[PDB]
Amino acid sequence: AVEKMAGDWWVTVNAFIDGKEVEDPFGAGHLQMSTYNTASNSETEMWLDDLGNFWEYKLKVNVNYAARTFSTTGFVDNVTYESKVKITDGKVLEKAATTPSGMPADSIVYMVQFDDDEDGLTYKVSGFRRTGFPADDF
């Protein structure tokens, strides 16, 4: 339904601190996450899931399949724990990233904010689709 946008991803999380984009400020390294279809196989929305590896959030995001973009309408309820999350400028590009083994792979990028982040940072989540090859895991 939103097949090319559902996936298992390896991502890093940057943040905009004091106007500048800081590379992996938390030292979290490469993290796994997933995007998948709703139970209804909806064409207009899908699930975004950090698998508990960063802020511990899981929510439905609006999807425009033709554009291959995704986002939420403001801050939406986190399903993992009681908090709200806002996703902005999500984009899946086909074969745009390069895996560690030197092979093209789909890329995912999005901006996220959390209503319980007292520092009010906007974070930039970015990565590539997991190949399943051990050479491409972290």
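All residue numbers are counted from 1 along the displayed sequence.
Checked against the record, the higher mean CA B factor of 2-10 and 127-135 lies with 2-10. Among all modelled residues in its chain, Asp116 ranks in the middle third by Cα B-factor. Split the chain's modelled residues into thirds by C-alpha temperature factor. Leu59 is in the middle one. When the modelled residues of the chain are ordered by C-alpha B-factor, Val109 sits in the highest third. In this PDB entry, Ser101 carries a Cα temperature factor that places it within the highest third of its chain's modelled residues.
Sort the chain's modelled residues by C-alpha temperature factor and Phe26 lands in the highest third, per the entry.
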